[PDB]
Each structure stands twice: as structure tokens, then as C-alpha cells.
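Undergrad: here's my sequence, what's the structure:
(chains A, B and C)
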Amino acid sequence: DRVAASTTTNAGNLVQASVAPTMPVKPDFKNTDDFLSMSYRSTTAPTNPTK
Amino acid sequence: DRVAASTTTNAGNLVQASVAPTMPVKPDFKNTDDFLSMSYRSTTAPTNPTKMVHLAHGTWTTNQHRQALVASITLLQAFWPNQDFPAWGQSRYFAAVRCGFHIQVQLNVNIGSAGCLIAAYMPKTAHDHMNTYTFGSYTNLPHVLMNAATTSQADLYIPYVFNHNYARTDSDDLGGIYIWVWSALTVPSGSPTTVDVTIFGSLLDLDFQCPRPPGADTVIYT
Amino acid sequence: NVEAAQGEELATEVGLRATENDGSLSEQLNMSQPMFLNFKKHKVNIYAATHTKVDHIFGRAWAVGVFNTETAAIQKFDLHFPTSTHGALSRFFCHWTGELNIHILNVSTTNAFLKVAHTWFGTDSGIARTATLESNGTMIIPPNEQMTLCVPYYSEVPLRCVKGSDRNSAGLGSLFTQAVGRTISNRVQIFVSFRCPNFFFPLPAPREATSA
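TA: Residues are numbered from 1 along each chain as shown, chains lettered A, B, ... in the order given. Please find the structure below.
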């Protein structure tokens, strides 16, 4: 039950009386999908406006 | 005067009878600006859609009994229902989402009130039917209990969980967080009756794929 | 002395716990349950094997559907996940992937061969693929006899969800059969047993439906 801060890009979050987070059993947070259902490179989205 | 090809992201250009390129005298193509006119980090722009945003507040009063629903959020359609949200503009192109989710339930209770709301997570194919589930068992879900007293915030991380490999942006496919009344609140007089609940969300592990015309829907998995 | 015990640090062990901080739900699995001066926690295995283990429990098959077939026309028979049996223990999980056995049992008064074929996609793949079932994995079953043939997992959806009834991705399959040898009253009974199932993610315990 302590001070927990959270910051992403511009936004930020300063919380008091925090609670420890939860996650589903045996979580795997690796972003990419192997095997791949898409041949594209995952850096496509931010790169896209350069097209 | 030979064959020159050019490729950027998706687009590509195959030219014949090319001419050697030109550039202004003493060019310097280094992107960043030193000295800096902006304190921000140059990786801001692509990172920006990950920014955490206010999501679907709700009002939880005395009158509502147990098993009642305080507020509802449809997860994947939640981060860009409007044009105002930061992740909207860049999600209005790419049609698929592999993204993970970070949602922090904000709550404030005037000291001297007692009761609990539960923040759960129901995937779409689960959400199709409420009628099947016993209420007393909802704690099987990934969740966090929230006590009235001595809980400021409830932090829960949700990995991507869905049938199909990729999920459609414009739809509800990821399901959504639903917040239920675990026990009625108890208010002494005088106190403000309505206890406001705001689900303050976020997003992480950003991904997009499969280009489409800006406004049109497209089927992928079905 | 012998009888009494005291705090103040280990009151966690004597059972006082804050539910507001649960850590992960799986973090509670690690939690040591409270104990008083006298309790003996000992894991006593009466049987060598464990009936609790996922692998073993769904080994026992369960009966879904019975129908007589007097007609050589191809029979559409759809397989829902189990209800009203020990198979309903699988109702805790949405996402499921694994190969599954099918025990069909042929009963023929007049001698008849009967054929079995399985398709994860339904009757309609967008074309009618049911024209002849010979090429899709047919396995022929002799009269008054039964076989254990198991179906591999072929699906455009990597994870089947148990709950939903939606024919596309929800069911665990759709089963095709036809009799041969000019007969009638050929009666079958079909049993479905999983093999090394993989169940992903839990759900709350489902309500018993009196009204259906």
C-alpha cells in the first residue's frame, strides 16, 4: 500500500494507496507471433507514414 | 541510365532510364536538431498511441444491489471510439491488432464508506453469454478485488487472449472489462451518495497489420 | 512452552491475510495455507496414478448422441462439447486445442458397412465439400464392430472455444457418416474422448440450466 507512479509517452499517473497488479496464469507477454500469421515486419505501423 | 528501384515500407518504385539524384551543396541529413528546440524525445510520435487515456466512467450508488453492473468497457473498441483519442488516427488505417492491454481502475471513496466493486476481464467469446455464469465464481477470471477503504487504485495487466491469431480493430473482439458490485456500499449521513468510478486505461506492446482503405471495414479471420 | 504460540511477525502464517493484495491469481497458488498448533499437512497418495491430472481425467470417454441410420444418404451429425457428464468438467475453459478420439460403435441386424469421416469446418467451406466423403479422411468400419480412430487437429482457428455454439469456430467438430451395402436399421453410437488436451484460460463455474 505505497506510492506507485506510471508513465507512458506523454501521459503519467501518480497513484497513492496502490495495489499489486495481477496477470493470468502462465502469462507470456512476448509481442511477436511465432509462428507468424503475417509476413510483414512488425515495425510497419510506425514506418507507414514514410510511404 | 540504368534500372533504379526504390522501396519504402509498403510502397515500391521500379524505374527505368533513371537519372542520378541531386542534393543541395554541403547537405547534412542528420535528423535530430542539436541544439534542441524541443525537450521531447524524437521517438515520441510512433510511441504516442500507447498513451494512457480516461475510459468510460460510471456511477455506483447505494441503490444498486449485488451482481449489478457499475460500468462497462468494450476493450479493443475502447481506445478509439472517437477522433479525440491518441491511438485513433493511426488505427484508422491498419485493420488488425495484436496489442496487449494495461488498465488501471481508478476509484475514490470518502473514508467511512464500505463495499466492494470487482474489476474482471471477459474475452469476447466468453462475453457472448452472461446467463451461463454463476456470480459467486467470477473470481476465477483474471481480476482484482477493490475494497472501499484503503484501496486507491487497482492495477491489472492483461496479455492478449483471443481465439484467432489477430483481432479486428473496429470490433469488440478482445472482449472487455466489466465492473460488478461485490457488495453494496454503506453510507452514514451526511455523505455524498454517488461514488464516482473512472476506469483509467492504457495500452502496451503496440501492433498493427493489414492495410485497408481509411473508412472501410474488412473481414480477416471469419 | 509447548501449547502457546505468539506473533507478531508470522500472523501471516496463522491465517490473517489481506485479500486486497492478491498478487497474481497464480501467486495465491504459492501461498502457504494457515495452520494451528496441531494440524498435519501431508500429501498422501492412495493411488499411484492421479485422477486429478488433466491428462488422465479426459481419458475416460463420454457418450454423445445415438441414431439409427436406414438410409445411404450422407449423415450430418454435429458434435457439441460434453454436457451432463464428467466431460462437463471441461466447461471451465474457453480455449481448447488437442486431438480427440472418436469411438463409434456399429450395430447392424442386416450386414452393413458404415463409413466415418470428420471435418472441422462445417458442411459449408463456402462450397459444398460434402459431395463425397472418401477423400477427406474416411475410415471404413466393419459390421457389428467398432474402432478407435482419432482425428488430428486441422483448423483455421488455432483455439476452439468450448462455450459457444456457433458452428464456425466454436464446436469441436462436425461428423459425417454413410451406410453402404443396401441396408436399413443400421444403428450407431458414438463416443468422444480427448487425447492430451491443452486447456487455456479459465472461466467461472457455469450455472445449471433448468429452463434450457
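Undergrad: residues contacting residue C:166?
TA: Listed by CB atoms under 8 Å, 6 or more residues apart in numbering or on different chains, the contact set of residue C:166 is empty. Heads up, the C-betas are built off the backbone N, CA and C, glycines and all.
Undergrad: roughly how far does whatever residue of chain A ends up closest to chain C sit from residue A:33?
TA: The nearest approach of chain A to chain C comes at residue A:25, 4.1 Å away (CB to the nearest CB). Distance, residue A:25 to residue A:33, by CB to CB, to the nearest Å: 20 Å.
Undergrad: is residue C:194 bridged to anything, and to what?
TA: Counting by DSSP bridges, residue C:194 forms beta bridges with residue C:100.
Undergrad: leaving out chain neighbours, which residue sits closest to the closest residue to chain A within chain C?
TA: Residue nearest to chain A within chain C: residue C:26 (4.1 Å; CB to the nearest CB). Spatial nearest neighbour of residue C:26, chain neighbours left out: residue A:25 (4.1 Å); criterion: CB to CB, 6 or more residues apart in numbering or on different chains.
Undergrad: buried residues in stretch C:84-97?
TA: C:87, C:90, C:91, C:92, C:93, C:94, C:95, C:96 (16 or more other CB atoms under 10 Å in any protein chain shown).
Undergrad: is it positioned near chain B?
TA: Yes. Looking at stretch C:84-97 against chain B by CB under 8 Å from any CB of the partner chain, the contacts come from C:92, C:94, C:95.
Undergrad: so which strand or helix has the last one?
TA: The one in question is residue C:95. strand C:93-97 (DSSP states H and E).
Undergrad: need the residues of chain A near chain C, please.
TA: Residues of chain A lying near chain C by CB under 8 Å from any CB: A:1, A:19, A:20, A:21, A:22, A:23, A:24, A:25, A:26.
Undergrad: roughly how far does the residue nearest to the first one when sequence neighbours are not counted sit from residue A:2?
TA: Right, the one you point to is residue A:1. Counting by CB to CB, 6+ apart, residue A:17 is the residue found nearest to residue A:1 once chain neighbours are left out, at 5.6 Å. As judged by CB to CB, residue A:17 and residue A:2 stand 8 Å apart.
Undergrad: list the contacts of residue C:165.
TA: Shown in contact with residue C:165 (CB under 8 Å, 6+ apart): C:80, C:171.
Undergrad: next, it: secondary structure please.
TA: The three-state label given to residue C:165 by DSSP: H, G, I helix; E, B strand; the rest coil is coil.
Undergrad: and it, how close does it get to residue C:78?
TA: 9 Å.
Undergrad: which residues are in contact with both of the two?
TA: Common neighbours of residue C:165 and residue C:78, counting by CB under 8 Å, 6+ apart, are residue C:171.
Undergrad: near chain A, which residues of chain C?
TA: Taking CB under 8 Å from any CB as the criterion, chain C approaches chain A at residues C:20, C:21, C:22, C:23, C:24, C:25, C:26, C:29, C:201, C:202.
Undergrad: again, 7 Å this time
TA: Residues of chain C lying close to chain A by CB under 7 Å from any CB of the partner chain are C:20, C:21, C:22, C:23, C:24, C:25, C:26, C:201.
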